[PDB]
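# Structure, please.
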Amino acid sequence: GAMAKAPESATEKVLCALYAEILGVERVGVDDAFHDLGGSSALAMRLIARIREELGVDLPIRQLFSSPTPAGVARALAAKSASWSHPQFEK
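Residues are numbered from 1 along each chain as shown. And now the structure:
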């Protein structure tokens, strides 16, 4: 429940919705940290999966620690728009 009450950018609104779905709230501001809503790191790991189902994008929990608000996660997502090879795995 931060007082900045900042407005939402395009990805940040999807993240606010995704935060609310897990937290059980009416709304999340782009300045509300996942932890300020009472969320825990374990729930933040599950958030990654829901973001992937809805938007098709993944974020490691490493970056999420530095990106506790929707506005933080959205810019962290945007960094992946650069040409970068994600690490592979076997088949």
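
# check contacts around the most centrally placed residue in the chain.
With the centre of the chain defined as its mean C-alpha position, the nearest residue by C-alpha atoms, centre = their mean is residue 73, 4.4 Å away. Neighbouring residues of residue 73 by C-beta atoms under 8 Å, 6 or more residues apart in numbering: 11, 12, 15, 51, 59, 63, 64, 67. No exception for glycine: its C-beta is placed from N, CA and C like everyone else's.

# make it 6 Å
15, 67 (C-beta atoms under 6 Å, 6 or more residues apart in numbering).

# before we move on, which element is it in?
Residue 73 is part of helix 70-78, with elements assigned from DSSP states H and E.

# Could you pull out the buried residues of that helix?
Within helix 70-78, the residues that count as buried by 16 or more other C-beta atoms under 10 Å are 70, 71, 72, 73, 74, 76, 77.

# tell me the contacts of the residue lying closest to residue 15 once chain neighbours are set aside?
Leaving aside its sequence neighbours, residue 15 sits nearest to residue 70 (C-beta to C-beta, 6 or more residues apart in numbering; 3.7 Å). Taking C-beta under 6 Å, 6+ apart, we find residue 70 in contact with 12, 15, 16, 30.

# now the strands: where do they sit in this protein?
With strands called from DSSP state E, the chain shows none.

# where do the helices sit along it?
Listed in chain order, the helices of the chain (DSSP state H) span 10-23, 41-55, 61-66, 70-78.

# Which stretch among the ones you listed is buried most, on average?
helix 70-78 (a mean of 20; mean count of other C-beta atoms under 10 Å).
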